[PDB]
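Structure file work-v4.cif; described as mmCIF, C-alpha atoms.
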```cif
data_structure
#
loop_
_atom_site.label_atom_id
_atom_site.label_comp_id
_atom_site.auth_asym_id
_atom_site.auth_seq_id
_atom_site.Cartn_x
_atom_site.Cartn_y
_atom_site.Cartn_z
CA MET C 1 -27.67 3.15 112.57
CA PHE C 2 -28.14 1.47 109.14
CA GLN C 3 -31.43 2.06 107.22
CA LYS C 4 -33.90 -0.41 108.74
CA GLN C 5 -36.92 0.78 106.72
CA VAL C 6 -37.35 2.27 103.24
CA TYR C 7 -39.63 5.31 103.07
CA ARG C 8 -41.47 7.01 100.22
CA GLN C 9 -39.46 10.25 100.49
CA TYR C 10 -36.66 12.00 102.38
CA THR C 11 -36.76 14.23 105.43
CA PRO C 12 -37.13 17.97 104.76
CA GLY C 13 -33.88 18.61 106.63
CA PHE C 14 -31.90 18.19 109.82
CA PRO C 15 -31.76 20.40 112.93
CA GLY C 16 -29.38 23.32 112.53
CA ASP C 17 -29.72 23.33 108.73
CA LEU C 18 -31.07 26.13 106.56
CA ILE C 19 -34.07 24.81 104.63
CA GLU C 20 -35.05 28.12 102.98
CA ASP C 21 -33.06 30.90 101.32
CA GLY C 22 -33.52 34.64 101.68
CA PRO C 23 -32.52 37.36 104.13
CA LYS C 24 -30.44 35.98 106.99
CA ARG C 25 -28.04 37.26 109.63
CA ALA C 26 -25.49 35.16 111.51
CA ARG C 27 -22.52 36.18 113.61
CA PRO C 28 -19.43 34.28 114.78
CA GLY C 29 -18.89 33.56 118.44
CA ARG C 30 -16.96 31.50 120.97
CA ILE C 31 -18.70 28.86 123.07
CA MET C 32 -17.00 30.02 126.35
CA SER C 33 -17.97 27.76 129.29
CA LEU C 34 -21.00 27.13 131.46
CA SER C 35 -18.64 26.76 134.45
CA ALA C 36 -17.77 30.47 134.15
CA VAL C 37 -21.32 31.89 134.50
CA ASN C 38 -21.33 34.13 137.63
CA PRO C 39 -24.78 33.03 139.03
CA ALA C 40 -23.64 29.37 138.77
CA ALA C 41 -25.76 27.48 136.21
CA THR C 42 -29.27 26.46 137.31
CA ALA C 43 -29.87 24.91 133.84
CA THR C 44 -27.19 22.94 132.00
CA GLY C 45 -26.80 21.84 128.39
CA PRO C 46 -24.01 20.31 126.29
CA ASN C 47 -23.62 23.12 123.71
CA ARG C 48 -25.85 21.37 121.16
CA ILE C 49 -26.47 22.84 117.70
CA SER C 50 -30.18 23.72 117.76
CA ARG C 51 -29.78 25.81 120.91
CA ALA C 52 -30.00 29.55 121.52
CA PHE C 53 -26.71 30.98 122.78
CA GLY C 54 -26.46 34.37 124.43
CA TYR C 55 -23.80 37.04 124.77
CA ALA C 56 -21.26 36.76 127.58
CA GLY C 57 -18.68 39.48 126.88
CA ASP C 58 -16.19 40.41 124.18
CA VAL C 59 -12.75 38.98 123.40
CA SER C 60 -11.75 41.51 120.75
CA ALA C 61 -8.80 43.15 122.54
CA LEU C 62 -5.73 40.91 122.52
CA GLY C 63 -2.74 41.30 124.81
CA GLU C 64 -2.29 41.70 128.56
CA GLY C 65 -0.15 44.85 128.29
CA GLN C 66 -1.11 48.49 128.51
CA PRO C 67 -1.36 49.04 124.69
CA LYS C 68 -3.88 46.49 123.46
CA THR C 69 -4.35 45.20 119.92
CA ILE C 70 -7.90 44.70 118.64
CA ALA C 71 -7.11 42.02 116.06
CA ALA C 72 -10.73 41.29 115.15
CA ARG C 73 -14.30 41.97 116.27
CA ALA C 74 -14.95 38.79 118.24
CA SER C 75 -17.57 37.92 120.85
CA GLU C 76 -17.93 35.12 123.39
CA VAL C 77 -21.29 33.44 124.00
CA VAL C 78 -22.84 31.04 126.50
CA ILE C 79 -25.59 28.48 125.90
CA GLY C 80 -27.73 29.84 128.71
CA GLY C 81 -28.45 33.20 127.15
CA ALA C 82 -29.90 36.15 129.01
CA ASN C 83 -29.58 38.52 126.06
CA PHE C 84 -30.24 36.43 122.95
CA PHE C 85 -27.14 36.36 120.75
CA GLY C 86 -28.25 33.72 118.26
CA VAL C 87 -29.44 30.18 117.55
CA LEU C 88 -26.43 28.01 116.70
CA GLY C 89 -26.66 26.33 113.33
CA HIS C 90 -24.98 25.14 110.14
CA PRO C 91 -23.52 21.86 111.48
CA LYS C 92 -21.54 21.38 108.25
CA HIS C 93 -19.11 24.10 109.39
CA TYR C 94 -17.76 22.08 112.32
CA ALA C 95 -15.95 18.81 112.99
CA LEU C 96 -17.01 15.71 114.91
CA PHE C 97 -14.70 16.07 117.91
CA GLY C 98 -15.77 13.23 120.20
CA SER C 99 -18.30 11.89 122.66
CA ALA C 100 -16.20 10.89 125.72
CA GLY C 101 -15.35 7.32 124.79
CA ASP C 102 -16.62 7.27 121.19
CA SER C 103 -14.80 9.61 118.81
CA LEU C 104 -17.06 8.76 115.84
CA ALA C 105 -20.42 8.65 117.64
CA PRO C 106 -23.11 10.99 116.25
CA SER C 107 -22.90 14.19 118.27
CA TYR C 108 -24.27 17.72 117.90
CA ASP C 109 -22.13 19.17 120.70
CA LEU C 110 -19.38 21.76 120.45
CA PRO C 111 -16.27 21.77 122.66
CA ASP C 112 -15.85 24.56 125.15
CA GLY C 113 -14.44 27.76 123.70
CA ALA C 114 -14.87 26.63 120.08
CA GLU C 115 -16.04 28.41 116.94
CA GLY C 116 -19.63 28.76 115.79
CA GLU C 117 -22.03 30.92 113.77
CA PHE C 118 -25.28 31.88 115.49
CA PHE C 119 -28.30 32.90 113.44
CA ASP C 120 -30.08 36.15 114.29
CA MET C 121 -32.17 36.11 111.10
CA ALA C 122 -33.17 33.09 109.02
CA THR C 123 -35.71 32.54 106.24
CA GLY C 124 -36.27 29.03 107.56
CA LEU C 125 -34.16 27.19 110.12
CA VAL C 126 -34.69 23.55 111.01
CA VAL C 127 -34.44 23.19 114.78
CA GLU C 128 -35.82 21.06 117.58
CA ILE C 129 -38.25 22.69 120.01
CA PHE C 130 -39.14 21.20 123.36
CA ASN C 131 -42.48 21.28 125.16
CA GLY C 132 -42.59 23.64 128.12
CA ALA C 133 -45.43 21.71 129.76
CA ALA C 134 -46.02 18.08 130.68
CA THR C 135 -49.04 17.87 128.35
CA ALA C 136 -49.22 17.40 124.59
CA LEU C 137 -49.23 20.51 122.42
CA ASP C 138 -50.05 21.13 118.75
CA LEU C 139 -47.77 23.82 117.31
CA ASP C 140 -48.97 25.49 114.11
CA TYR C 141 -47.95 28.41 111.88
CA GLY C 142 -49.04 31.15 114.26
CA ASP C 143 -46.82 30.14 117.19
CA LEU C 144 -43.82 31.72 118.87
CA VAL C 145 -40.49 30.44 120.20
CA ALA C 146 -38.73 30.95 123.52
CA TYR C 147 -35.45 29.59 124.86
CA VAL C 148 -34.57 28.38 128.37
CA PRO C 149 -31.91 30.38 130.26
CA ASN C 150 -29.21 28.91 132.47
CA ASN C 151 -30.45 31.07 135.36
CA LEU C 152 -33.92 29.50 135.14
CA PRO C 153 -34.90 28.45 138.69
CA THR C 154 -35.25 24.71 139.19
CA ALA C 155 -38.84 25.25 140.36
CA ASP C 156 -39.67 26.81 136.98
CA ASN C 157 -37.81 24.07 135.08
CA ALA C 158 -39.69 21.08 136.46
CA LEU C 159 -39.24 19.05 133.27
CA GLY C 160 -35.45 19.43 133.45
CA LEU C 161 -35.02 21.01 130.03
CA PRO C 162 -31.44 21.66 128.82
CA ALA C 163 -29.75 25.06 129.04
CA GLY C 164 -30.35 26.53 125.59
CA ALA C 165 -33.27 24.33 124.54
CA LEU C 166 -35.86 26.02 122.34
CA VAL C 167 -39.54 25.73 123.29
CA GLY C 168 -42.84 26.37 121.53
CA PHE C 169 -45.43 27.94 123.80
CA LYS C 170 -48.49 28.81 121.64
CA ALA C 171 -49.11 32.58 122.00
CA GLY C 172 -50.21 33.18 125.58
CA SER C 173 -49.07 29.99 127.33
CA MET C 174 -45.47 30.94 128.05
CA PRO C 175 -43.84 28.75 130.74
CA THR C 176 -42.66 30.84 133.67
CA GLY C 177 -39.14 32.24 133.46
CA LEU C 178 -38.57 31.44 129.79
CA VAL C 179 -36.85 34.01 127.57
CA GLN C 180 -38.66 34.77 124.32
CA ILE C 181 -36.90 35.16 120.99
CA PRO C 182 -38.48 38.38 119.64
CA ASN C 183 -40.38 38.11 116.33
CA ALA C 184 -39.57 34.38 116.11
CA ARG C 185 -42.25 32.28 114.44
CA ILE C 186 -42.89 28.57 113.93
CA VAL C 187 -43.30 27.80 110.22
CA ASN C 188 -43.90 24.06 110.02
CA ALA C 189 -46.78 22.57 112.00
CA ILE C 190 -46.13 19.59 114.29
CA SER C 191 -47.61 18.01 117.42
CA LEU C 192 -45.60 17.01 120.49
CA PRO C 193 -46.93 14.33 122.84
CA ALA C 194 -47.23 14.49 126.60
CA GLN C 195 -43.91 14.12 128.43
CA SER C 196 -42.62 13.73 131.98
CA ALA C 197 -39.56 15.09 133.76
CA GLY C 198 -37.40 12.03 133.12
CA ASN C 199 -38.32 10.91 129.58
CA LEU C 200 -38.94 14.41 128.17
CA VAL C 201 -39.46 13.73 124.39
CA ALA C 202 -37.09 15.50 122.08
CA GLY C 203 -39.25 17.72 119.92
CA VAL C 204 -39.58 16.73 116.29
CA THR C 205 -37.39 18.62 113.84
CA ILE C 206 -39.31 21.60 112.54
CA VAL C 207 -38.84 24.78 110.51
CA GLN C 208 -38.97 28.12 112.30
CA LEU C 209 -38.72 31.71 111.09
CA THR C 210 -36.28 33.87 113.06
CA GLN C 211 -36.53 37.69 113.08
CA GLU B 165 3.70 -37.15 127.14
CA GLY B 166 5.35 -40.49 127.88
CA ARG B 167 2.23 -42.02 129.41
CA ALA B 168 0.05 -40.70 126.58
CA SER B 169 2.47 -42.18 124.03
CA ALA B 170 2.26 -45.47 125.94
CA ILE B 171 -1.32 -45.85 124.63
CA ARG B 172 -0.27 -44.62 121.16
CA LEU B 173 -1.79 -41.17 121.72
CA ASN B 174 -0.05 -37.86 121.01
CA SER B 175 -1.05 -35.59 123.88
CA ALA B 176 0.53 -32.49 122.32
CA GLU B 177 -1.13 -32.95 118.93
CA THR B 178 -4.55 -33.51 120.51
CA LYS B 179 -4.17 -30.45 122.76
CA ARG B 180 -3.03 -28.27 119.84
CA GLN B 181 -5.94 -29.44 117.68
CA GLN B 182 -8.31 -28.75 120.59
CA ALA B 183 -6.86 -25.25 120.98
CA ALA B 184 -7.46 -24.53 117.29
CA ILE B 185 -10.99 -25.97 117.45
CA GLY B 186 -11.76 -23.92 120.56
CA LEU B 187 -10.62 -20.75 118.82
CA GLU B 188 -12.80 -21.69 115.84
CA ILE B 189 -15.77 -22.26 118.17
CA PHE B 190 -15.15 -18.84 119.72
CA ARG B 191 -15.05 -17.22 116.27
CA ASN B 192 -18.25 -18.99 115.19
CA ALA B 193 -20.07 -18.00 118.38
CA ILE B 194 -18.97 -14.37 117.97
CA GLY B 195 -20.12 -14.41 114.34
CA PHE B 196 -23.50 -15.92 115.23
CA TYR B 197 -24.34 -14.05 118.46
CA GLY B 198 -21.96 -11.11 118.79
CA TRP B 199 -19.80 -10.51 121.84
CA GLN B 200 -21.06 -8.58 124.89
CA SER B 201 -23.49 -6.43 122.90
CA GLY B 202 -25.52 -6.06 126.09
CA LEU B 203 -22.54 -4.57 127.94
CA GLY B 204 -22.19 -1.95 125.19
CA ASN B 205 -19.57 -3.61 122.99
CA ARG B 206 -20.21 -3.01 119.29
CA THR B 207 -19.46 -6.58 118.15
CA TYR B 208 -22.75 -7.88 116.75
CA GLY B 209 -23.79 -11.18 115.22
CA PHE B 210 -25.94 -12.77 112.54
CA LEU B 211 -28.76 -13.29 115.06
CA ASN B 212 -28.13 -10.60 117.71
CA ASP B 213 -27.71 -7.39 115.69
CA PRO B 214 -29.86 -4.59 117.19
CA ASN B 215 -30.24 -3.02 113.73
CA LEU B 216 -31.87 -6.22 112.47
CA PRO B 217 -35.69 -6.28 112.38
CA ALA B 218 -37.75 -8.22 114.88
CA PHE B 219 -38.91 -11.71 113.99
#
```

Any chance you could put this one into structure tokens?
Amino acid sequence: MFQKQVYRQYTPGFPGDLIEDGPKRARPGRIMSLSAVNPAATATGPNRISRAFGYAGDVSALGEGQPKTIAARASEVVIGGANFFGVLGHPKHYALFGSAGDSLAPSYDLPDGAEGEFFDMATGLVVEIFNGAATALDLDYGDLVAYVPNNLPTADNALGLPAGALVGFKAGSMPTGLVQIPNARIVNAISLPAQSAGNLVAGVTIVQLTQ
Amino acid sequence: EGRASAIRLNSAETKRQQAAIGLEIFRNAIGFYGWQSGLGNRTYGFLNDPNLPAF
């Protein structure tokens, strides 16, 4: 919690932060609920920041009557995306709600049906990427990204990855059933160690280039 | 009280002093070792703080 070791420098950034400036596209959305996904939820995740949310309908038209009122162009998203809506980011836009017994504990989660901006395009976005395989993997510049869906069969998700967890998969070693983020590239180069189903190993924070 | 005063001893004063000293012992022990940090309580001590470096 308190600095237990003085380093020679600072970290490049934190997951969900923008570390580079340039062309970027983000859209607002509502977190909806994982308990509302028709095909149940084979993968589950606690709406963390560095996670790829997907579209789950529109909430633009207000009113239950016959003449509606489209107050604003709003969309509702779910963490287990099937059509990629965006990678949630910019954790300075939100508030620290709570952690179920610790209101001030460090959390990256968003409450259900809350606000959020999801990045379609980003010059450089600091995220965390998991390993899709039990073995160690060295991710370099020429590597792609793919996000787990909620409808991922439990046989495919042997490691028990979260719902919207991002994953680096080299170029032709895609884990089965994963959904690729098109034209997404891994900028910084890191190496993730071998992991098992229980301990996993949260991937080190890393810059990626989105669309 | 009467029988304690029969040997020139104030039972109430001794018990009150012991209560204060016991509370002071509790405070000192909490300050030196924390209180139920293993159970998840966030009361740490001079020698049992998890943020402190290993010996």

Exercise for the section: Excluding residue 193 of chain B and any residue of its chain fewer than 6 positions from it, enumerate the residues within 12 Å of it, using all atoms listed in the file, and give them as a ChimeraX atom specification. Expected result: /B:186-187,199-200,207-212

Serialized selection, C-alpha atoms, as an mmCIF file, in the frame of the given file:
```cif
data_model
loop_
_atom_site.group_PDB
_atom_site.id
_atom_site.type_symbol
_atom_site.label_atom_id
_atom_site.label_comp_id
_atom_site.auth_asym_id
_atom_site.auth_seq_id
_atom_site.Cartn_x
_atom_site.Cartn_y
_atom_site.Cartn_z
ATOM 1 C CA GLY B 186 -11.760 -23.920 120.560
ATOM 2 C CA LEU B 187 -10.620 -20.750 118.820
ATOM 3 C CA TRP B 199 -19.800 -10.510 121.840
ATOM 4 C CA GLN B 200 -21.060 -8.580 124.890
ATOM 5 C CA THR B 207 -19.460 -6.580 118.150
ATOM 6 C CA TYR B 208 -22.750 -7.880 116.750
ATOM 7 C CA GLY B 209 -23.790 -11.180 115.220
ATOM 8 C CA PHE B 210 -25.940 -12.770 112.540
ATOM 9 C CA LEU B 211 -28.760 -13.290 115.060
ATOM 10 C CA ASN B 212 -28.130 -10.600 117.710
#
```

Each residue of chain B with at least one atom at most 9 Å from chain C should appear once, together with its nearest atom pair and the corresponding distance in Å (one decimal); atoms considered: all atoms listed in the file; ordering: chain, then increasing residue number; output as CSV.
```
residue,atom,partner,partner_atom,distance
B:215,CA,C:4,CA,6.7
B:216,CA,C:4,CA,7.2
B:217,CA,C:4,CA,7.1
```

Around all the atoms of segment 208-217 of chain B listed in the file, draw an axis-aligned box and extend it by 3 Å on each of the six sides; I want its centre and edge lengths in Å to one decimal, as AutoDock Vina command-line options.
```
--center_x -29.2 --center_y -8.2 --center_z 115.0 --size_x 18.9 --size_y 16.3 --size_z 11.3
```

Evaluated on this file, the PyMOL selection byres ((chain C and resi 114) around 6) picks out some residues - which ones are they, written as an mmCIF file with C-alpha atoms, in the frame of the given file?
```cif
data_model
loop_
_atom_site.group_PDB
_atom_site.id
_atom_site.type_symbol
_atom_site.label_atom_id
_atom_site.label_comp_id
_atom_site.auth_asym_id
_atom_site.auth_seq_id
_atom_site.Cartn_x
_atom_site.Cartn_y
_atom_site.Cartn_z
ATOM 1 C CA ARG C 30 -16.960 31.500 120.970
ATOM 2 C CA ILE C 31 -18.700 28.860 123.070
ATOM 3 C CA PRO C 111 -16.270 21.770 122.660
ATOM 4 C CA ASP C 112 -15.850 24.560 125.150
ATOM 5 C CA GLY C 113 -14.440 27.760 123.700
ATOM 6 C CA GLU C 115 -16.040 28.410 116.940
#
```

Practice task
To verify the selection step, state as a VMD selection string which residues the PyMOL selection byres ((chain C and resi 174) around 12) yields on this input.
Solution key: chain C and resid 131 to 133 143 to 148 156 167 to 173 175 to 181

Which residues come within 12 Å of residue 166 of chain B, counting all atoms listed in the file, excluding same-chain residues fewer than 6 positions away, as a compact mmCIF listing (two decimals) with C-alpha atoms, keeping the file's coordinate frame?
```txt
# COMPACT_ATOMS: atom_id res chain seq x y z
CA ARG B 172 -0.27 -44.62 121.16
CA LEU B 173 -1.79 -41.17 121.72
CA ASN B 174 -0.05 -37.86 121.01
CA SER B 175 -1.05 -35.59 123.88
CA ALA B 176 0.53 -32.49 122.32
```

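Reported to one decimal place, the separation of atom CA of residue 127 of chain C from atom CA of residue 199 of chain C is 19.6 Å.
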
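Across the structure, atom CA of residue 15 of chain C and atom CA of residue 119 of chain C are spaced 13.0 Å apart.
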
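The two atoms in question, atom CA of residue 189 of chain C and atom CA of residue 14 of chain C, are spaced 15.7 Å apart.
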
Exercise for the section: Using the chain letters and numbers from the file, give me the residues hit by the PyMOL selection byres ((chain C and resi 163-166) around 9), as an MDAnalysis selection string. Expected result: chainID C and resid 41:48 50:54 78:81 87 127:131 145:152 161:162 167:168

Can you pull out every residue within 8 Å of residue 91 of chain C, counting all atoms listed in the file, but drop anything in the same chain fewer than 3 positions away, and send it as a compact mmCIF listing (two decimals) with C-alpha atoms, in the frame of the given file?
```
# COMPACT_ATOMS: atom_id res chain seq x y z
CA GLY C 16 -29.38 23.32 112.53
CA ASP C 17 -29.72 23.33 108.73
CA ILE C 49 -26.47 22.84 117.70
CA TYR C 94 -17.76 22.08 112.32
CA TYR C 108 -24.27 17.72 117.90
```

Exercise for the section: Tell me which protein, DNA and RNA residues are within 10 Å of residue 208 of chain C, counting only C-alpha atoms, leaving out same-chain ones fewer than 2 positions away, and put them as a list in words. Expected result: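 Listing them by chain and then by number gives residues 18, 19, 122, 123, 124, 125, 126, 127, 128, 129, 141, 143, 144, 145, 184, 185, 186, 187, 188, 189, 205, 206, 210 and 211 of chain C.
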
Residue neighbourhood residue 204 of chain B, 12 Å, only C-alpha atoms, exclusion window fewer than 6 positions, as a CSV table (one decimal) with C-alpha atoms, keeping the file's coordinate frame:
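Once written, result.csv looks like this:
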```csv
chain,number,residue,atom,x,y,z
C,101,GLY,CA,-15.4,7.3,124.8
C,102,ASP,CA,-16.6,7.3,121.2
B,198,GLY,CA,-22.0,-11.1,118.8
B,214,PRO,CA,-29.9,-4.6,117.2
```

Exercise for the section: For each of C:39, C:193, C:182, C:106, take the minimum atom-to-atom distance to residue 135 of chain C, counting only C-alpha atoms, then give the residue where this is smallest. Expected result: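 Ranking C:39, C:193, C:182, C:106 by distance to residue 135 of chain C, first place goes to C:193.
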
Practice task
Point out the residue among B:206, B:191, B:165, B:218 with the least atom-to-atom distance to residue 178 of chain B, counting only C-alpha atoms.
Solution key: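 Counting only C-alpha atoms, the residue closest to residue 178 of chain B is B:165.
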